[PDB]
Number of protein chains: 4
Amino acid sequence: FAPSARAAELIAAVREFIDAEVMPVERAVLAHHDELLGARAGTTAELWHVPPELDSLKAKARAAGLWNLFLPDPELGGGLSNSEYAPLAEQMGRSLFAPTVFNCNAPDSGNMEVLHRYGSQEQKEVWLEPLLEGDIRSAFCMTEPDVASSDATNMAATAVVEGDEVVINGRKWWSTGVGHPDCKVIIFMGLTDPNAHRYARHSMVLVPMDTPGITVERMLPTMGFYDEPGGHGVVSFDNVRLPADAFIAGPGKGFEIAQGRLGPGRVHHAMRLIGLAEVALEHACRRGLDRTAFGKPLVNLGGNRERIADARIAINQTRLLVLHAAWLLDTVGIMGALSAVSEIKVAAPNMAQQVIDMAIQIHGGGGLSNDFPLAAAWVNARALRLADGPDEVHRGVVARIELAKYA
Amino acid sequence: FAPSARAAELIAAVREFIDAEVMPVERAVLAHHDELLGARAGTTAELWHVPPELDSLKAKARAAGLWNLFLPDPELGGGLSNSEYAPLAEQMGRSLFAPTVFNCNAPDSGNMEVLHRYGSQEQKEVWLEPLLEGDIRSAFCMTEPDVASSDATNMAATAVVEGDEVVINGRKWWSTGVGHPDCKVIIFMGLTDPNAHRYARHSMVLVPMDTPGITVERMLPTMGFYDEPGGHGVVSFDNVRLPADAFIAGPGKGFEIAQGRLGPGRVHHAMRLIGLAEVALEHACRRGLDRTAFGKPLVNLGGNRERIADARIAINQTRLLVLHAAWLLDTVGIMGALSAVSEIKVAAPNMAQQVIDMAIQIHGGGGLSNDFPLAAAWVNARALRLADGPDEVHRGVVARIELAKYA
Amino acid sequence: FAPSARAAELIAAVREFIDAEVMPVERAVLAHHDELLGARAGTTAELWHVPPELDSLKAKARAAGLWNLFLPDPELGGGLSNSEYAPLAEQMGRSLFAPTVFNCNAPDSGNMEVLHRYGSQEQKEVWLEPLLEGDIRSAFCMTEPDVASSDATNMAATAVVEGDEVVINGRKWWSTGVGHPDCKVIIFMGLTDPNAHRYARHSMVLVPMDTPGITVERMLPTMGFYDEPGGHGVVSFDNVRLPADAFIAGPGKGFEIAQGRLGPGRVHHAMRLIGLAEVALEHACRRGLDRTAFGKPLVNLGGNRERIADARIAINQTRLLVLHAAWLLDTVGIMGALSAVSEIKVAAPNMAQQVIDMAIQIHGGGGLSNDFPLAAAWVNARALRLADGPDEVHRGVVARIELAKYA
Amino acid sequence: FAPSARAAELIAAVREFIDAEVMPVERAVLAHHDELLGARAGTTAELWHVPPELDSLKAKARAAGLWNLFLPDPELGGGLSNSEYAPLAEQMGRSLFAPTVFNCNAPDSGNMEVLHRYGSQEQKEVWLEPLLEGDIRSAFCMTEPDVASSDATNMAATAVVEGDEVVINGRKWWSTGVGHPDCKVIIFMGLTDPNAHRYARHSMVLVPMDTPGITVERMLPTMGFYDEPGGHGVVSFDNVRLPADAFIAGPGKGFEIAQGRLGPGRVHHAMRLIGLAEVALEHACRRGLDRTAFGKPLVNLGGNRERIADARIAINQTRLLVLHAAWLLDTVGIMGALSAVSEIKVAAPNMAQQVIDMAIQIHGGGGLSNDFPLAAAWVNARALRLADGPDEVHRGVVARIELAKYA
Ligand SMILES: Cc1cc2nc3c(=O)[nH]c(=O)nc-3n(C[C@H](O)[C@H](O)[C@H](O)COP(=O)(O)OP(=O)(O)OC[C@H]3O[C@@H](n4cnc5c(N)ncnc54)[C@H](O)[C@@H]3O)c2cc1C
Ligand SMILES: Cc1cc2nc3c(=O)[nH]c(=O)nc-3n(C[C@H](O)[C@H](O)[C@H](O)COP(=O)(O)OP(=O)(O)OC[C@H]3O[C@@H](n4cnc5c(N)ncnc54)[C@H](O)[C@@H]3O)c2cc1C
Ligand SMILES: Cc1cc2nc3c(=O)[nH]c(=O)nc-3n(C[C@H](O)[C@H](O)[C@H](O)COP(=O)(O)OP(=O)(O)OC[C@H]3O[C@@H](n4cnc5c(N)ncnc54)[C@H](O)[C@@H]3O)c2cc1C
Ligand SMILES: Cc1cc2nc3c(=O)[nH]c(=O)nc-3n(C[C@H](O)[C@H](O)[C@H](O)COP(=O)(O)OP(=O)(O)OC[C@H]3O[C@@H](n4cnc5c(N)ncnc54)[C@H](O)[C@@H]3O)c2cc1C
C-alpha cells in the first residue's frame with residue numbers, strides 16, 4: 001500500500017510542478033480560448049495554434065528529471081515499475097496539459113512502447129528517438145468509421161505486401177493527435193492476409209505522415225469540444241506505398257503486438273481518471289461550502305453531503321483496484337492481470353463520469369460552462385467508456401474469465 | 001388518454017411539417033457548421049448567422065395554421081388546452097429548430113405569456129405584437145452569476161423606483177436567446193424593495209435591448225456547444241433607466257407574475273424532452289440493428305435489448321406523467337397541479353439523459369460527434385436539470401407537498 | 001384520466017371496507033403470528049390455520065356488492081372494464097387479505113377467468129361455481145423445479161392421452177395456494193405431444209386435488225415468509241389419471257389458453273404493487289416526521305426528502321403506465337397492448353421494491369421486523385420480479401416489439 | 001498487497017476447515033430447519049436448539065490453532081494484525097456458523113475486546129475468561145425501541161449510581177445473541193449523568209443475565225428469519241441493581257470505550273460481507289452455466305454476463321478498500337483511519353446486497369427459498385446497512401471529514 005522512496009519523491013515533484021508551472025499556463029490557454037469564442041471573435045484556425053508555453057514547460061520538466069516517466073527502460077525512460085508510475089499518472093490526470101509536458105500522453109506513450117519493443121534499429125533511430133525527445137507527435141490509426149471497430153476482426157482497411165512494398169488503403173477515424181502540426185508519423189493497424197491463421201491476419205505499419213496518398217479529412221468533436229491542438233481526426237489512405245521494412249515486427253504480427261503491449265496503458269488511463277475525479281470532487285466541495293441558498297451552504301442542502309461521501313468512497317475504491325492492477329503487472333505480468341486490466345477500464349471512467357456529473361450539478365449553470373474544467377472533464381470520462389474499447393467489451397472479458405473458473 | 005379531433009389533426013400536421021420541411025434545413029445547417037469546424041476553417045462570427053431558411057419555414061408554418069400553438073388565446077394563438085398542446089410539444093422536441101419555426105420556443109413563449117396576461121395595452125402593442133408575429137426575439141434575465149440563483153430570494157440585481165423612472169443595475173447570465181440579432185427586448189427580474197412583505201420584494205421590467213447601459217458581455221458554452229444563433233449570454237446593466245411604466249404589472253409583483261404563469265411552461269419543456277428521447281431511442285435501434293460485431297447485430301449483444309426495453313418503459317411512463325400534469329392544469333388549474341409540475345421537471349430531463357447516454361454508447365465513438373444529433377441532445381437534457389430550477393429544488397417541492405398530507 | 005361514476009363509487013367503497021373491516025383483522029392475525037414466534041412458542045402447524053374472521057369478512061363484502069370485481073361478466077362478476085377495476089386493485093394491494101376478501105386474489109382470479117372462457121358446461125358447474133362463491137380455492141401448476149421454467153417450452157411434466165383418459169406425471173413448484181385446506185382443484189399445465197406443431201404441444205388440465213397420485217410434498221419460504229394459510233407448494237403427480245374430459249378446451253390448447261387470457265392479470269398485479277408502494281411511502285413519511293435524531297425529524301436529515309420525492313414521482317408515473325395499459329386492453333384489446341402488458345410487469349415490481357427499501361431504511365432496525373408490514377412488502381415486490389415470468393423475459397418482449405418497428 | 005507467511009497459512013487452514021468440517025454441518029442444520037417448516041411440522045421451540053455439532057467443531061478448531069483469531073493479544077488470542085486477520089474474516093463470511101466455530105463472531109468478539117481493554121481484573125476472570133473459552137455467549141445492549149438510536153445521544157435507558165450500586169432501567173432491542181441458552185452476560189450502554197460534559201454522560205455496565213429485573217421479552221425477525229439459536233432480542237431492565245464495580249472502566253466512560261475500540265470491528269464485518277458476496281457470485285455462475293432457457297445457458301442470455309462482470313468488479317474494489325482500511329489501522333491507527341472505517345461500512349453491505357440480488361434473480365423462484373443460502377444472505381447484507389449504524393450516518397462521517405480538508 002505504500003510507495004517506494006523514488007515514487008514518494010516523484011509524486012511530490014510532479015504535483016508541485018503541475019500546480020506551480022503547468023496550471024497557470026493551462027488556465028491562461030483555456031481562458032483565452034473561452035474569451036475568443038465568448039466574444040464571437042477571431043478565426044477557427046487560430047484556436048488550433050500550439051500554445052508556445054508548452055515547449056518551455058517540457059524543457060523545465062526535462063531539466064527536473066520529470067520526463068518519459070511512463071517508460072520502464074532506465075536508460076531511455078524513468079525506470080519506474082507500474083506501481084511506481086501509477087500515482088504519478090493520477091497526478092497528471094489532474095491537468096489537461098500535464099501528460100504532454102512530461103511526455104507521458106496517449107497516444108504517444110503507447111506508440112513509443114510499441115517501437116521500443118518491436119521496432120527495428122532503424123525505426124527506433126528515425127522515429128522513436130524524436131518521440132522520446134518530445135520533438136514530434138504520432139497517432140495510432142485502428143478504428144474505421146464504416147465498421148463496428150469494437151470487434152477488431154471487422155477491420156477492412158488493408159496493409160498488403162506487393163513485392164518489396166507495403167500497400168495501404170482505407171479510412172480511419174478518432175485518430176487522437178493527428179491535427180497537431182508536429183504529428184509526423186502514424187502507426188496504422190489493418191488487415192493483411194484474411195486467409196492466414198486467426199491472430200495472424202493483421203499488421204501494424206509505421207507510416208510517415210508526409211507519404212503521398214494520406215489525407216487528414218476532418219477533425220471530430222466530442223460534445224462540441226475539439227481538444228486542440230492535437231484533436232481527433234479522420235485519416236484516409238489512398239494507394240499509400242512504403243518499403244516493406246515499414247511493417248512493425250512483420251506482416252501478420254498486429255495482434256501479437258497489441259497483446260504483448262497490453263496492461264500498462266490501461267493502468268495509465270485509469271489512474272488519470274482518478275486524478276480527474278479528485279479535481280471534480282475538490283471543485284464540488286469548495287463551491288458547495290462557498291455558495292449559499294435557502295439559508296445554508298449548498299453542501300448542507302438535501303442529499304449533497306451523501307453525494308460527497310459516495311464520491312469519496314467511489315474514488316478511493318476505484319483507485320485501489322487500479323493500484324492492485326499495477327501490482328499484478330509488476331509481479332505476475334499481464335498473464336496474471338488479464339481480468340484486472342479490463343476491470344479498471346470499466347470501473348474508472350464510469351466512476352469519474354458520476355463524480356463529475358455530481359460536481360457539475362453543485363455548480364449550477366456555471367458547471368456546464370468552461371469557466372471551470374468540469375464540463376470538459378465529464379466529456380473526457382464519457383469518452384473513455386469508448387476509447388480503447390467500449391465498457392461492454394471489457395465486461396465481456398471480465399465475465400469470460402470469471403466463468404472459466406467453474407469449468 | 002385519447003386526444004381531441006383538433007389535437008389528432010395537429011399532431012399529424014406538425015410531425016409532417018417537421019419531417020418534410022424543417023429537418024432537411026436543420027440537417028443542412030448542422031452539417032455546414034460541422035464542416036467548417038471540422039476543416040478548421042472560417043470565422044467564429046459566421047457560425048452565428050441566422051439561417052436564412054428559418055423565415056421561409058416560419059412563413060410556411062404560418063400559412064399552414066401552425067403558429068403560436070402554445071398560446072391558449074384563440075384570437076392571438078391556437079386556442080389549445082394544455083392537453084391538446086402537449087403532444088404537439090413532443091413532436092417539436094424531436095427537432096432543434098421546430099419550436100422556433102412554430103413560434104413556440106422558450107424563452108419567447110414564456111415572455112409572450114407574461115405580456116399577454118400582465119402587460120399594459122401599450123406594452124402589448126409595442127412588444128407582444130412583434131413577438132406574436134415572430135419578427136423579434138426576447139430573453140428572460142433572472143439568474144445572476146455571483147449568487148446562488150436557485151434560491152430566488154438571493155437576487156441582488158435591482159430595479160428600483162426613483163421618481164418617474166425605474167433604475168436597473170446588476171449582472172445576469174444564462175440568458176437564453178440574447179445573442180440573436182433580433183433579440184430586441186428583455187424581461188428583467190430583480191430586487192425592488194427588500195423591506196416590503198415577503199413575496200412583494202421583486203419586480204419584472206420590460207427592457208428594450210437598445211437602452212443605454214446594457215452590455216451583452218459574452219456568450220456561454222454548454223459542454224462546448226454555443227446554441228447559435230441565440231446562444232446563452234451574460235448581460236450587465238449599468239445605470240439603466242426607463243420610464244416607470246416599464247414595470248410589468250407594477251413594482252413588487254415579480255413573484256406574483258412567476259406564480260401566476262406557472263404550469264404550462266413546465267409541460268412544454270417536459271414534453272419536448274419526451275420527443276428528444278424518442279429520437280435518441282430511434283437512433284439507437286436503427287444503429288444497433290445495422291451495425292455488426294462479434295457475429296451479431298449490436299442490439300443482440302449483451303444487455304442491449306434490456307437497455308432498449310428500459311428506455312421504452314422510461315419514455316412511456318414519463319410521457320404519461322406529463323400528459324396527466326397537462327390534464328390537471330386543464331381541470332383543476334395550477335392550484336391542483338403544484339406537485340405534478342415539479343414531478344415532471346425532475347422526471348423528464350433525467351429520463352432523457354439516460355436514454356440518450358444509452359444511444360450514444362450504441363453508436364460508439366461516432367455517438368459523441370455531431371454526425372448524429374445525440375451529443376447535442378445529451379447536453380440539452382443535462383442542461384434541463386438546471387434550467388428553470390435544479391432537480392433538487394423541485395424534489396424539495398414534491399417532498400414538501402407530500403409531507404403536508406400527514407399533518 | 002378520470003374514472004366512471006361506478007368506479008368512483010367502488011374506489012370509495014372498497015377503500016372504506018378495507019380500512020374499517022379488513023385491516024383490524026389483518027393486524028390482529030399478523031400480530032398473533034408474530035407473538036407466537038417471538039415467544040418461541042406453539043406449533044408450526046397452528047400458524048397455518050385459516051383465520052376464522054375471513055369467512056365473516058367475505059360474507060360482509062358479498063353483502064355490500066364487493067365481490068368478483070375482477071370478472072367482467074356482469075351476471076357472474078362485477079361487469080367492470082379493465083379501466084374501472086384497475087383503481088380497485090390498487091386499493092386491494094394495500095392489504096394482505098383484501099384480494100381474498102373480495103374474491104379477487106391470484107391464483108383464483110386467473111383460474112376463474114380460464115374456466116369462464118374455456119371450461120365445459122360441466123367444468124363450470126362443478127368447479128367454477130364453487131370458486132365464484134368463494135367456497136374453495138385453486139392453484140395453477142406450471143413451473144417445474146428441475147428445468148428453467150422461464151422458457152415454457154422447457155416443461156417436461158406431461159399430460160398425455162391414453163384411450164379415454166389423460167395421464168399426468170411430473171413435479172411442479174411455487175404453486176401458490178396449495179397449502180390451503182380448501183384448495184380442492186388444480187389447473188395443471190404440461191407437455192402433451194412434443195411432435196405437434198409449435199404452439200400446440202401443451203395442455204391445461206383440470207385436476208381435483210383428491211385424485212390418487214397427487215402429493216403436496218412441502219411448502220416453500222420466500223425469505224423466511226411462508227404466506228400462510230395458502231403458501232407456495234411443491235406438488236408431485238405420479239400416474240395421475242383422469243377422464244379425458246378433464247382437459248381444458250382440449251389437448252394441445254395450453255398456449256392458446258395462456259395467450260387468450262393474457263392482459264387483465266398483468267394489470268391486476270401491477271396495480272396491487274402501486275397500492276403496496278403507497279402504503280410503504282405513507283409509513284416512511286409518518287415515521288420520518290415522528291422520529292427525531294441529530295436535532296431533526298428523520299425526514300429532514302440528509303437526502304431523505306429527495307428520496308420521498310423520488311418515491312412520489314416513481315409511484316405516480318408507474319401508476320399511469322398501468323392505467324394506460326388497462327385503457328389499451330379496453331379499446332384495442334390484447335393485440336394492441338402486447339408491449340404494455342410486459343412494460344408494466346417490469347416496471348411495477350421494480351418501482352415498489354425500491355420504494356419499500358427506502359421505507360425500511362427510514363424505520364431503522366424495526367423496518368426489517370414484522371412490527372410493520374414493510375419487510376413482508378419488500379419480499380412481495382421482490383417475488384413479483386419472478387412470479388409470472390422474470391423481469392428479463394418481459395424486457396425481451398418489450399425490446400422485440402420495439403425493434404420490429406424498424407424492419 | 002500480499003499477506004504475511006502466517007496469514008497465507010491461516011487463509012488456507014481456515015478455508016479448508018470451513019469447507020471440510022463446518023459446511024457439511026451447516027448444510028445439515030439448515031436443511032433440517034427447512035424440512036420441519038416445509039412439512040408444517042414440529043414445534044417452534046425446537047428450531048431454537050443449539051446444534052450439538054457446534055461444540056465438536058469448536059473443539060476441532062481449537063485443536064488446530066484456529067481460535068480467537070480476531071484478538072490481537074498473542075497470549076489470549078491469535079496475535080494477528082488487522083491486515084493478517086482481514087482475509088480470514090472474508091473466509092468466515094462464506095459460512096453462517098464459521099465465525100462462531102472460531103470464536104470470532106459478533107457480538108462476542110466486540111465484547112471480548114471491550115473487556116480485554118477496559119475490564120477490571122475481576123471482570124476479566126469472571127466473564128472474559130469464559131468468553132475466550134467459548135463456554136458462554138454475551139450480547140451488547142445499546143439500541144432502544146422508543147427512540148431513534150442512530151443518534152446515540154437519544155439513549156434514554158439509564159445506569160445511575162446510587163450509593164454503592166448501579167441502578168439500571170429501560171428497554172433495549174435488536175440485541176444479537178440474547179436468545180442463546182448460554183448467553184450469560186450483557187454489556188449494557190445507557191445514560192448516566194445528562195448534566196455531565198458532552199462525551200461523559202453515558203456508561204457501559206457488565207450485567208449478568210440472571211440478575212433480578214431482566215426480561216427477554218421477545219425475539220425479532222429480519223424478513224421472517226429468526227437467526228436461531230442466538231436470534232435478536234428485546235430486553236427490559238426493571239430496577240436492575242448491581243454493585244457499582246459492575247461499570248466498565250467507570251461511570252461516564254461509555255463514549256470513550258466506544259471510540260477507543262473503534263476500527264477492527266468495522267473491518268471484520270466488511271470482510272465477512274466480501275466472503276458472502278463471493279459465495280453469492282459463485283452460486284450465480286454455477287447456476288447460470290448449468291440451467292438452460294431459450295436455447296442458451298442462462299448466463300448467456302441478455303445482460304447476465306455484464307451483471308457477472310459488474311459483480312466481479314464490485315467485490316474486488318470493495319475488498320481492496322477494506323484491506324486498505326486494515327492497513328491504515330495497523331500503521332496510523334484509528335486516528336488515521338476515521339473516514340476509512342465509515343467508508344467500508346457504507347460500501348460493503350451495499351455492494352453485497354446488489355451482488356446477492358443479482359444471484360437470486362439468476363436462480364429464479366428457487367433463489368428466494370432456503371434451498372440455497374442466497375435469500376438469507378440478502379437479508380444479512382441488508383441488515384448490515386442498519387446494524388452498527390445506518391449507511392446515512394456513516395456517509396455523514398465521510399462527508400464531514402472530506403469537507404474539513406477545505407477549511
Ligand atoms: C476520445 C476518443 C479517442 C479515441 N482515440 C482513438 C485513437 O487514438 N485511435 C483509434 O484507432 N481509435 C480511437 N478511438 C475510437 C474508439 O476506440 C472506438 O470508438 C471504440 O473502440 C468503439 O468502436 P466504434 O466507434 O467503431 O463502435 P462500434 O463498434 O460501432 O460500436 C460499439 C458499441 O457496440 C456495443 N457493443 C460492442 N460490443 C458489445 C458487447 N460485447 N456487448 C454489448 N454491447 C456491445 C456497445 O454499445 C459499444 O459501445 C477514440 C474514441 C474516442 C471516443
Ligand atoms: C441551458 C440553460 C439555459 C438557461 N436559461 C436561462 C434563462 O433563459 N434565464 C435565466 O434567468 N436563467 C437561465 N438559466 C440559469 C438556470 O435557471 C440556473 O442555472 C439555475 O436556476 C441554478 O442557478 P445557479 O446557476 O445560480 O446555481 P446555484 O443556485 O449556485 O446552484 C444550484 C445547485 O445547488 C444545489 N442545490 C440548490 N438547492 C438545493 C436543495 N434544495 N437541495 C439540494 N441541493 C440544492 C444543487 O446542486 C443545485 O444544482 C439557464 C441555465 C441553463 C443551463
Ligand atoms: C411468489 C411466487 C409465486 C409463484 N407462483 C407460481 C404459481 O402460482 N404457479 C406457477 O406455476 N409458478 C409460480 N411461480 C414460479 C415463477 O413463475 C417462476 O419462478 C419464474 O417463471 C421463473 O422460472 P424458474 O423459477 O424456473 O427460473 P429459471 O427459468 O431457472 O431462471 C429464470 C432466470 O433466468 C434468467 N433469464 C431467463 N430468461 C432470460 C432472458 N431472456 N434474458 C436474461 N436473463 C434471463 C433470469 O435471471 C431469470 O430470472 C411463483 C414464483 C414466486 C416467486
Ligand atoms: C441485524 C441487526 C443486528 C443488530 N444488533 C444489535 C446489537 O447487537 N446491539 C444493539 O444495540 N443494536 C443492534 N441493532 C440495532 C441497530 O444498530 C440500529 O437499528 C441502528 O443503529 C439504527 O437505529 P434505530 O433502529 O433506532 O433507527 P432510527 O435511529 O429510528 O432510524 C435510523 C434511520 O434514520 C435515518 N437517518 C438517521 N441519521 C441520518 C442522517 N444523518 N442522514 C440521513 N438519514 C438519517 C436513516 O433512514 C436511518 O436508517 C441491530 C440491528 C440489526 C438490523
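Lettering of chains follows the sequences in order, A, B, ..., and the numbering in each one begins at 1. Both counts, for ligands and for their atoms, begin at 1 and track the order of listing.
When each atom of ligand 2 is checked for a heavy atom of B/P390 under 4.0 Å away, the hits are 21 (O), 22 (C), 32 (C), 48 (C), 49 (O). If you number the atoms of ligand 3 from 1 as listed, the ones under 4.0 Å from a heavy atom of C/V393 come out as 38 (N). Atoms of ligand 2 found under 4.0 Å from any heavy atom of A/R291, numbered from 1 in the order shown, are 26 (O), 28 (P), 30 (O).
Of the options C/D290, D/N380, D/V235, C/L368, the smallest heavy-atom separation from atom 53 (C) of ligand 4 is shown by C/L368. When the heavy-atom distances from atom 3 (C) of ligand 3 to D/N304, C/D146, C/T176 are ranked, the shortest goes to C/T176. Comparing B/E306, C/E392, D/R287 by heavy-atom distance to atom 46 (C) of ligand 3, the nearest is C/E392.
For atom 36 (N) of ligand 3, the nearest non-hydrogen atom of the protein is D/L301 CD1, 4.1 Å. In terms of protein heavy atoms, atom 19 (O) of ligand 4 is closest to C/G365 N, 3.3 Å.
The proximity of D/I362 to ligand 3, defined as any non-hydrogen pair under 4.0 Å, involves the side chain as well as the backbone.
Contact between D/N154 and ligand 4 is absent, with no heavy atom of the residue lying under 4.0 Å from the ligand.
In summary, C/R305 and B/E392 do not engage in a salt bridge, as defined by a charged side-chain N under 4.0 Å from a carboxylate O. Between B/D108 and B/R137 there is a salt bridge, with a side-chain nitrogen of the basic residue lying less than 4.0 Å from a carboxylate oxygen of the acidic one.
Residues C/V234 and C/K172 have side chains not in contact (no heavy-atom distance under 4.5 Å, counting atoms from C-beta outward).
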